[PDB]
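Along the sequence shown, residues are numbered consecutively beginning with 1. For the numbers below, each heavy atom of this structure counts, side chains included, while hydrogens, waters and symmetry mates do not.
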Amino acid sequence: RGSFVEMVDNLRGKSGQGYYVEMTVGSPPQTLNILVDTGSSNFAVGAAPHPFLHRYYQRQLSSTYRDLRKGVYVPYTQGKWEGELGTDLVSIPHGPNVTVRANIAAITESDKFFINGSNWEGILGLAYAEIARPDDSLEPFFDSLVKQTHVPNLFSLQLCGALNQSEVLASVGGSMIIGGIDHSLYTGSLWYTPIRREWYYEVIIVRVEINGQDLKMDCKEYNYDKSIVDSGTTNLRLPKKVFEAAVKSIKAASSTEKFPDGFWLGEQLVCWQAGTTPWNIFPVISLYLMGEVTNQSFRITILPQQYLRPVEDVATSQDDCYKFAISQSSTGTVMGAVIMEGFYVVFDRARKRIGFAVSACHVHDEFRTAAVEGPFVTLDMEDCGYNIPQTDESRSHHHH
Ligand SMILES: NC1=N[C@@]2(CO1)c1cc(-c3cncc(Cl)c3)ccc1O[C@H]1COCC[C@@H]12
Ligand code: NI
């Protein structure tokens, strides 16, 4: 292999509203646009009319649909989705030339799940069974794909971030390569960090720098209470203490400009006149990730072109306006699109590792580029992993 032409450019989306892939469900195939989400583990599709859906999965139209006679209820921070579990035939038209029988959660009711204008009608959870709902016995899509076909246990993502239009958000594109690595999608070295545990795609950050300046924190703070690689999150999200330190450093480096507090909170845009954005006043951010070798790390470095998100405003379309896309977390580090848009990211499930290489499509300028660099060696490395306190709820679970 080394080339997967038919799968290149199979992702679409609107800036800040997630990347989706075309999928078909049922016999005959019903086409739906599905959010590619490495931060969840259910395949769930709209299956009833909704204000924001132009279309939905029609179970009755599918000769191959089977009801599992079990419901599912998924609450979260922003809202909830719920529905009926079943199985049906699933394919990815611009993916591998295979059809599989997968679990599908047919979403019958939801609150603040679907997004007006996003153009997606469902979610493809690509993480592991451990975080599937209602429980880990509901096989995720990718597990079924690998078990039922000869597709190698690996996928890779090239998310290409963003203007033509003032009335709508900017269109984005990218590639999901299932079963391999496409060498046309990256340049330079591909560096791997271990998947610490197979639930989320959990990784370990050992060091953080802002414009070459070490944040000098106990490295467990970087992974408190976890660090994950998540295509279903827009922002780089950082643990409270890390967020505060990072913002302070970025503020100081960019101090020639005085932005409102709303900007640093991601609640307000800042603008410059077309093409005059002073990129050079904003620092690079480096995350050092644990290497496959003990005592080694490598760094991924992103630019303000990644963490400042373009939003073309109607009232001031002569200007280039940006949202600050680094935000606070209380559930650990989330390396979302802000990180992933810099890189070609290889989810090597077979070898329990995640690969990063400089993306052939990343946004940069003539002075700086997103980078992937290593090795960095450290004498006698402290364990940077955090151990989440075990609740009685969690401890009570039997795993046969
Ligand atoms: N990983 C991740 N997936 C989550 C939350 O975190 C998600 C994301 C979006 C979503 C909305 N707008 C833009 C993007 Cl990139 C994603 C919309 C719904 C949505 O549902 C959440 C359901 O619970 C699992 C995690 C899901
Ligand atoms: Ni038991």
Side-chain angles (χ1 to χ4, degrees), residues 18 36-42 74-78 123 125-133 135-136 140 142 155 157 191-209 215 217-246 285-292 294 297-300 302 307 325-340 342-343 345-349 351-356 381-395 397 399:
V36 173
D37 189 7
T38 64
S40 71
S41 302
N42 283 83
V74 186
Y76 56 102
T77 313
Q78 288 268 290
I123 183 165
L126 290 171
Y128 301 93
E130 168 91 314
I131 57 166
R133 299 292 178 86
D135 61 71
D136 68 357
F142 206 85
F155 66 92
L157 292 174
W191 276 94
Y192 292 96
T193 191
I195 296 168
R196 187 196 187 198
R197 177 155 78 88
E198 295 154 305
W199 60 323
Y200 297 92
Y201 290 99
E202 185 185 0
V203 297
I204 296 299
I205 297 161
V206 309
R207 185 183 168 104
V208 177
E209 287 171 3
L215 290 191
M217 293 181 75
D218 188 286
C219 64
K220 285 185 178 75
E221 297 288 356
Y222 303 137
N223 309 291
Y224 174 59
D225 56 354
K226 54 182 179 292
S227 294
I228 69 169
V229 183
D230 185 11
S231 65
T233 292
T234 300
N235 288 1
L236 168 59
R237 310 187 58 214
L238 296 169
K240 182 152 201 152
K241 274 192 184 165
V242 184
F243 175 74
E244 288 162 347
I285 298 174
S286 290
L287 303 184
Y288 289 74
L289 306 177
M290 186 186 284
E292 294 178 278
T294 200
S297 62
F298 64 97
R299 68 189 180 195
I300 62 180
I302 61 157
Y307 64 79
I326 303 165
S327 58
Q328 188 181 127
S329 172
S330 65
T331 59
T333 298
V334 187
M335 295 169 45
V338 166
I339 289 295
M340 294 183 72
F343 312 104
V345 186
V346 180
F347 297 76
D348 185 353
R349 294 150 60 98
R351 295 175 69 159
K352 200 172 184 195
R353 65 192 188 166
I354 300 170
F356 291 83
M381 185 76 89
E382 170 210 341
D383 190 344
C384 300
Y386 178 77
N387 301 312
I388 290 158
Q390 191 201 46
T391 63
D392 208 59
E393 288 269 315
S394 169
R395 182 167 50 252
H397 295 306
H399 308 275

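One finds a salt bridge joining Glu130 and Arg197 here, because a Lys/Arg side-chain nitrogen approaches an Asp/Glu carboxylate oxygen to under 4.0 Å.
Nearest heavy-atom pair, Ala127 versus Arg349, reported as atom, atom and distance to 0.1 Å: O-NH1, 4.4 Å. Here the closest heavy-atom approach between residue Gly39 and residue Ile131 is recorded as O-CD1, 4.2 Å. For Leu157 against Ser231, the heavy-atom pair with the smallest separation is CD1-CB, 4.0 Å. In plain terms, the two heavy atoms of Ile123 and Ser40 that are nearest each other are CD1-OG, 3.7 Å. When every heavy atom of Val338 is checked against every heavy atom of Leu236, the shortest pair comes out as CB-N, 3.5 Å. In plain terms, the two heavy atoms of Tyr222 and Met217 that are nearest each other are OH-N, 3.3 Å.
Qualifying side-chain contact (heavy atoms from CB on, under 4.5 Å) partners for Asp230, counting only residues two or more places apart in sequence or in other chains: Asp37, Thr38, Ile228, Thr233, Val334. Under the salt bridge (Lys or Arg N to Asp or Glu O under 4.0 Å) criterion, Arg196 pairs with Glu202, not counting sequence neighbours. Under the side-chain hydrogen bond (donor to acceptor under 3.5 Å, both in side chains) criterion, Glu209 pairs with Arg207, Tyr288, sequence neighbours left out.
Cation-pi geometry between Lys226 and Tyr386 is not met: the NZ or CZ atom fails to fall both under 6.0 Å from the ring centre and inside 45° of the normal.
Between atom NE2 of residue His399 and atom CG of residue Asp135 there is a gap of 10.5 Å, rounded to the nearest 0.5 Å. Remark: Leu126 CG to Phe155 CZ distance equals 4.5 Å, nearest 0.5 Å. The line from CZ of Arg133 to OG of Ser41 is 10.0 Å long, rounded to the nearest 0.5 Å. The OH atom of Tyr307 sits 13.5 Å away from atom CG of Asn235, with the distance rounded to the nearest 0.5 Å. Distance CG/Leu215 to OG/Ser286: 10.5 Å, rounded to 0.5 Å. Rounding to the nearest 0.5 Å gives a distance of 4.5 Å between OH of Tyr192 and CZ of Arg353.
For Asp348 (side chain) and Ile354 (main-chain N/O), no donor-acceptor pair under 3.5 Å exists by modelled atom type. Side-chain atoms of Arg395 come within 3.5 Å of backbone atoms of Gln390 as a donor-acceptor pair (strictly under, hydrogens ignored). Looking only at distances, no side-chain donor or acceptor of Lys240 sits under 3.5 Å from a matching main-chain atom of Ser330. Not one N or O on the side chain of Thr193 forms a donor-acceptor pair closer than 3.5 Å with the backbone of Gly291.
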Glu382/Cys219 under side chain to side chain contact (heavy atoms under 4.5 Å, CB included): CA gap, chis, key distance, verdict: CA-CA 8 Å; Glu382 170 210 341; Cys219 64; 3.7 Å; yes
Residues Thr331, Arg237; criterion side chain to side chain contact (heavy atoms under 4.5 Å, CB included); working and verdict: CA-CA 9 Å; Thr331 59; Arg237 310 187 58 214; 4.3 Å; yes
Evaluation steps, side chain to side chain contact (heavy atoms under 4.5 Å, CB included), between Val242 and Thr333: CA-CA 9 Å; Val242 184; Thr333 298; 5.9 Å; no
Stepwise side chain to side chain contact (heavy atoms under 4.5 Å, CB included) check, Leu289 with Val206: CA-CA 6 Å; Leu289 306 177; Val206 309; over 6 Å; no
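Counting heavy atoms from C-beta on, the side chains of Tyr224 and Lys241 never come closer than 4.5 Å. Side-chain contact between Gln328 and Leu238 is absent, with no heavy atoms from C-beta onward closer than 4.5 Å. Side chains of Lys352 and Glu198 form a contact here, defined as non-hydrogen atoms less than 4.5 Å apart.
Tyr201 has its ring centre less than 6.0 Å from the ring centre of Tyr128.
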